[PDB]
Amino acid sequence: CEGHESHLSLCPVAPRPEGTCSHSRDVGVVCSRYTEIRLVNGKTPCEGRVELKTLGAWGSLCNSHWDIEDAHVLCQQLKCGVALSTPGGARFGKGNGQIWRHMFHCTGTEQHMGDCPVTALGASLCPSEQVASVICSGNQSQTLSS
Amino acid sequence: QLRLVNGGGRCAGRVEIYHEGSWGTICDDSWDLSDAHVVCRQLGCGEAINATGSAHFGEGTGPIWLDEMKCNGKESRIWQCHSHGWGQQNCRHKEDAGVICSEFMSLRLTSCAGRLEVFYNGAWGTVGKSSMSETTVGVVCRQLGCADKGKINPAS
Amino acid sequence: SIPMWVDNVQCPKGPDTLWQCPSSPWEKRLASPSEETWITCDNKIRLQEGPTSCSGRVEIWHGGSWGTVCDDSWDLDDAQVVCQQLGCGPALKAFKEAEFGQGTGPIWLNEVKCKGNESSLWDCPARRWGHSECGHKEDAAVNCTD
Ligand SMILES: *[C@@H]1O[C@H](CO)[C@@H](O)[C@H](O)[C@H]1NC(C)=O
Ligand SMILES: *[C@@H]1O[C@H](CO)[C@@H](O)[C@H](O)[C@H]1NC(C)=O
Ligand SMILES: [Ca+2]
Ligand SMILES: [Ca+2]
Ligand SMILES: [Ca+2]
Ligand SMILES: [Ca+2]
Ligand SMILES: [Ca+2]
Ligand SMILES: [Ca+2]
């Protein structure tokens, strides 16, 4: 590959007829989009309390650093256009679990929360009822404008 | 068609093979002396001393055609060997395969003055002084690219 | 002696930086030296697929992934610098064309023009950090002394 291909199908390859490899040498690739943030407990499928999974357990995201740009990026990732608002409090529910203190610093111009610069080290504790939420527009054709 | 280029002679140089209207090279992967024997005897150059790799005679400008030559040294053509197939290669031009054959001949003077030496069959060697006419000395000096005439001198 | 900022750092899988790792909130508190963390990172360069630990194919870590060194301009000086970097004795042989087997990941280094006395392979001049025209069939190897 030249690195600029859209799919591996477009990559030129060099097959070898002889033996290839052993299964003890299979390749594994780690990409940067590992966030795994979803929307739960909403009337329409793609709005509700923001729920994030790290350390093998789901959790609710704090609203202290949940600006409208973070909501916009999350809505773009879930393919529901822009974010109408971020309802504070437990409008969609406090969530059965612990609160994740991740501080996403999205500028609102990226289409995935994994592209956002997230800071979670030593983040300040969050009140239980102060759980972040988002109400996406729901229109895929709707796009963010500056 | 098969040819050797940038070899400084007739029986040496990077192996250029012809296919699909373009002159392409051969990758030096598993390019041992058995592969060199086939191309040297195919070109009427006798046996082979070196099966050079890593673009010894310069990097060619053309599509690498063959990758894994498994010649037994008995077939009369290079393309009759067992290979990966035309175009099937995982090589670059930095590792083009060239050969140095038995009939490759080179001339040098070692001290443009010094003992006349001729490179045949892969080994350097001197040239007899007997019946060394002036024309032969002129030919030798001209072939070294430094004169048109010369004088026979005793050894230092 | 300096205070402790953060404690209970729990890195998930995926972050390549510590600040995406959740932990307890920042607190400026005094810390005894016993309960601070002292970590020794593993060696930058390892030898793989060798009969012993001092011989095998040269693997180097950079850019997040383990890589290899191509055999172009891979003389015995490069083997000497690799052997003295790993802590093994003097070099014996500098193999070429993947004598010990094809490597892993990308090809970080090729044409390493070491003088044989550098402190590490990184100070050695080369076409560094990828974009090398070599394939994985040309992985360089060494043979040090036990
Ligand atoms: C050819 O092979 C001989 C045999 O050892 C070697 O001495 C000589 O250096 C080689 N020459 C080239 C150009 O590879
Ligand atoms: C490495 O060097 C040792 C010491 O002579 C030798 O026994 C061993 O066979 C060498 N390994 C290779 C792969 O040549
Ligand atoms: Ca934010
Ligand atoms: Ca090959
Ligand atoms: Ca090669
Ligand atoms: Ca062969
Ligand atoms: Ca090479
Ligand atoms: Ca070198």
Checklist outcome for this item: Which of B:94/C:137; B:70/B:94; B:74/C:93 exceed 25 Å between C-alpha atoms? The answer is B:74/C:93
Item to check | Per-selection metrics, the protein assembly as shown (Cα): Rg and Dmax in Å | outcome: 33.3, 112
Checklist outcome for this item: Short to long, in 5 Å steps from zero, the percent of alpha-carbon pairs of segment C:1-84 per bin is 3, 10, 14, 16, 12, 9, 10, 11, 8, 5, 1
Checklist entry - By how many degrees, 0 to 90 and rounded to 10, does the Cα axis of helix A:68-77 deviate from the longest principal axis of chain A? => result 40 degrees
Next on the checklist: Spelling out what I want: for every residue of segment C:130-145, take phi, set θ = phi - 60°, compute 6.51 cos²θ - 1.76 cosθ + 1.60 (Karplus), and round to whole Hz; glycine and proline get x.
Outcome noted: x, 6, 6, 6, 5, x, 7, 6, 10, 5, 7, 9, 9, 9, 8, 10
Checklist entry - Just going by the charge dipole of the protein assembly as shown, with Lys and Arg at +1 and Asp and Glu at -1 on Cβ, which of C:31, C:109, B:90 is farthest out on the positive end? => result B:90
Checklist outcome for this item: Shielding of A:118-130 by other chains, given as the mean Cβ count within 10 Å, works out to 5
Next on the checklist: Ranking request for peptides C:34-41, C:129-136: highest mean number of other beta-carbon atoms within 10 Å first, then the rest in descending order.
Outcome noted: C:129-136, C:34-41
Checklist entry - Taking a quarter of the surface of the Cα convex hull of chain C, what do you get in nm²? => result 11.1 nm²
Checklist entry - If one takes the longest principal axis of the Cα atoms in chain C, at what angle in degrees, from 0 to 90 and to the nearest 10, does the Cα axis of helix C:76-86 lie? => result 20 degrees
Next on the checklist: Give me the net charge for the shell around residue A:60: Cβ to Cβ below 9 angstrom, other residues only, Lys and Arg +1, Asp and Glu -1.
Outcome noted: +1
Item to check | segment C:82-146 shape via C-alpha gyration tensor axes, a/c threshold 1.5 | outcome: oblate
Item to check | Structure-based [θ]222 nm, chain B - -39500 (n - 2.57) summed over DSSP H runs of at least 4, per residue, nearest 500 | outcome: -4000 deg cm²/dmol
Checklist entry - Once every DSSP H run of n ≥ 4 in chain A is given -39500 (n - 2.57) and the sum is divided by its residues, what mean residue ellipticity at 222 nm do you get, rounded to the nearest 500 deg cm²/dmol? => result -2000 deg cm²/dmol
Next on the checklist: Averaged across C:131-143, how many Cβ atoms of other chains sit within 10 Å of each residue's Cβ atom?
Outcome noted: 2
Item to check | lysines with Cα under 24 Å of residue B:149, excluding same-chain neighbours fewer than 8 positions away | outcome: B:129
Item to check | Under 17 Å from residue A:43, Cα to Cα: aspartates and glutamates that are on another chain or at least 8 residues apart | outcome: A:51
Item to check | Average beta carbon contacts from partner chains per residue of C:12-24, 10 Å cutoff | outcome: 6
Item to check | Relative packing of C:84-95, C:1-12, which averages over residues the other C-beta atoms within 10 Å, highest first | outcome: C:84-95, C:1-12
Checklist entry - When DSSP assigns beta bridges and you keep just the ones with both residues in segment A:11-117, what percent turn out antiparallel, to the nearest 5? => result 80 percent
Checklist entry - For chain A, list the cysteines whose Cβ sits under 4.7 Å from no other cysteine Cβ? => result A:21, A:31
Next on the checklist: Using the crude model of +1 on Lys and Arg Cβ and -1 on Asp and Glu Cβ, and no other charge, please compute the dipole size for chain C relative to its Cα centre, in debye to 20.
Outcome noted: 280 debye
Next on the checklist: Order A:108-121, C:56-69 from most to least packed using the mean count of other Cβ atoms within 10 Å.
Outcome noted: C:56-69, A:108-121
Next on the checklist: Cross-link candidates for residue B:151: which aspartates and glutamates have Cα within less than 15 Å, leaving aside residues fewer than 8 places away along the same chain?
Outcome noted: B:134
Checklist entry - Considering the dipole of the protein assembly as shown built from charges on the beta carbon (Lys and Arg +1, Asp and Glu -1) around the Cα centre, which of A:134, B:22, C:131 is farthest to its positive end? => result B:22
Checklist entry - What's the long-distance tail for chain A, i.e. % of Cα pairs beyond 27 Å? => result 34 percent
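Where a number appears in this text, it was derived from the coordinates with a stated rule and is not lab data. Backbone-built Cβ (ideal geometry, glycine too); neighbour counts: all protein chains shown.
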